[PDB]
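Taking it in order: structure first as structure tokens, then the write-up.
Throughout, read-outs are computed from the coordinates displayed, never taken from laboratory work. Every residue, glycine as well, gets a Cβ built from its backbone with ideal geometry; the counts of neighbours run over all protein chains shown.
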Amino acid sequence: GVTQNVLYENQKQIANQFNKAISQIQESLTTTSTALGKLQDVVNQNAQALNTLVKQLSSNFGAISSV
Amino acid sequence: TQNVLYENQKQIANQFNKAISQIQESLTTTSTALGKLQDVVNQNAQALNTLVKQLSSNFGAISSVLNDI
Amino acid sequence: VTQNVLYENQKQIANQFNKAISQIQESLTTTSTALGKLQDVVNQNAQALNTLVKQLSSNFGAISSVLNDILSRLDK
Amino acid sequence: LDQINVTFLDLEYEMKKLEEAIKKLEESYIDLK
Amino acid sequence: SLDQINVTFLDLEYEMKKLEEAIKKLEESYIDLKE
Amino acid sequence: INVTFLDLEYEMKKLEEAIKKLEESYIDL
């Protein structure tokens, strides 16, 4: 009877703590995918800027060389 | 009562083990993405260093021609 | 007996849970650390690129104007 | 200098896999009697 | 001219804060089983 | 001009470890 009560109370704690942890894990995974998104956007943007710089560099180097 | 407690423990274990399986997949995914990010970042870092190399080379080559003229 | 089995199972559940939570926290600390590093390297190389564009425009302006004044001075 | 080329990044798959993970964690939840 | 080349910067401080919060709230989720 | 390189191999190792230690945390009821 008393033991039954203790086990029930422990299960209450286990469920509450578990569900709480799961809620936090989900938010942290949302945060992680958000950051990955941002990182990707900035990396690819600066990749593009670098390709475009190389393009305009070759064009100006060729224009100055021909002169 | 014994039956109810047993059934609740079954749920707790199944749900826990399921969540753990998903967490492992998501951590594998996260390390994979980090790997990719690193590879692309370092590749473009190398392209930038190499561009600076070839820039100094061409700048020095055109400067020395301009100076001797 | 039945009470013994339920007790043993709860002990396992708690230990395994708390262990998993400890590992999850370490992995989230690791993840934020990596994000920090990624940010630092990305922004550093972004700066290096802006600075390269600055010194590039300065040298392009300095060299591509010498050729034009030579276009005028080779006609004299 | 055309031999200097840069690379691009696509993690869409990874991000989809995370969105999946978070949705399947909703499923794992606990409701006792 | 080359002013059309623009470089961007990254700020994921909010994201890292949200992770630090998550970890701190997982500390509140441990199980102190009353023996 | 200074460019820098990234090395998060330690971090990825630590994640692989985490995943492997989560395999030890399942519940055999």
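Of the residues making up region C:14-35, those that are of a type outside the set (S, T, N, Q), out of contact with any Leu (no Cβ under 8 Å at 6 or more places or on another chain) and buried (at least 17 other Cβ atoms within 10 Å of the Cβ) number 1. Considering chain D, and only residues there that are over 30 Å from A:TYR8 (Cα atoms) and aromatic (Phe, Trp, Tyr), the residue that is farthest from the chain's Cα centre (by Cα) turns out to be D:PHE8.
Entry remark, region A:14-35: residues being more than 7 Å from chain E (Cβ to nearest Cβ) and not aromatic (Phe, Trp, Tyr) number 11 in total. Every condition in (1) of a type in the set (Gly, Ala, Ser); (2) under 25 Å from F:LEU15 (Cβ atoms); (3) in contact with an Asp or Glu (Cβ under 9 Å, 6 or more places away or on another chain) is met by C:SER57 except one, and the failing one is (2).
Just to verify a result, which residue in region B:36-65, among those that are more than 9 Å from chain D (Cβ to nearest Cβ) and of a type in the set (A, V, I, L, M, F, W, C), is surrounded by the most Cβ atoms within 10 Å (Cβ to Cβ)? Here the answer is B:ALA45.
Figure legend. Inter-residue proximity from region D:1-22: first residues more than 7 Å from every other protein chain (Cβ to nearest Cβ), second residues not hydroxyl-bearing (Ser, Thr, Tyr), beta-carbon distance below 8 Å, spacing 6+ or different chains. Indicated pairs: D:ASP10/A:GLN40. A residue that is in contact with a helix residue (DSSP H, G or I) (Cβ under 6 Å, 6 or more places away or on another chain) and more than 18 Å from D:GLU27 (Cβ to Cβ) occurs somewhere in region A:23-31.
The set of residues from region E:4-35 being among the polar types (S, T, N, Q) and surrounded by 18 or more Cβ atoms within 10 Å (Cβ to Cβ) comprises just one member, E:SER29.
Of all residues in region E:18-35, those that are of a type outside the set (A, V, I, L, M, F, W, C), in a helix (DSSP H, G or I) and touching a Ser or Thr at 6+ places or on another chain (Cβ under 9 Å) total 4.
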